[PDB]
């Protein structure tokens, strides 16, 4: 059958699948107190996209649609009636948690809303700084609408609009919680069509994440976002569609200069990596190294500890 492969891309050549930013660290953690169930950056090793995952970096935490008329709400002064980022009409009966690329954390996403060109406006006339909070009860993307909180400039009513994400905001009552899913249809309604939760299934193992330090626009602290596989892997697996020969592919992080293995890991067919490690640490790698497919193994392959 068609051989499974990983793209030859170093850590500085990878993009986060859950926020449009370069990967800057590998990271591991027990995450004891959380269900790790992201919806972006979800794709099986044989190329099946899941959750809200799609192929473009530009659609991740992006939104597109028609703005409403003004609301009475102090925070969400306008609603956005969603379409998919590729422009396709969105039907809530679709097999998805929400439109593709929808943010998959509880917290405040910051970015810029652009709408109808403004012939007469001054500088930045058609670019509004906007907060999209996934703890708002107006955050109901499954139903086809989310709330917009303007923070710089003024949102125009009833216009075709685009939201380009820039960063994360944290205010007094909205911590950034990357492993808590939004309520895609609002509180007291169940989420649907989710990519499954992930985690280790062999003693002494933890998930290894691809991590990005992303812009922090309010709150004062650095913000970290972990994805299970980078966007380029999503793209690669979708292109290749190599049949998975077992539940686990043994991969090695290799230094191409020396041919030496920095460490080995298990890449599960569902699309996440586990390593033999304990505790919350970065995993240090040579800038020129990258994962290489070694062989198909099983869930009991005993990894060399890090």
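Positions refer to the first chain, counted from 1.
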Between 287-295 and 10-18 (mean CA B-factor, as deposited), the higher: 287-295
219-227 or 197-205, whichever carries the higher mean Cα B-factor: 197-205
Residue with highest C-alpha B-factor in the PDB entry, from 239, 57, 67, 258: 258
Selection by C-alpha B-factor (highest) of 246, 274, 52, 62: 246
Cα B factor band for residue 121 (lowest, middle or highest third within the chain): highest
Ranked C-alpha temperature factor of residue 232 among modelled chain residues, by third: lowest
Third of chain Cα B-factors occupied by residue 42: lowest
For residue 158, the third of its chain into which the C-alpha B factor falls: middle
Cα B factor band for residue 168 (lowest, middle or highest third within the chain): lowest
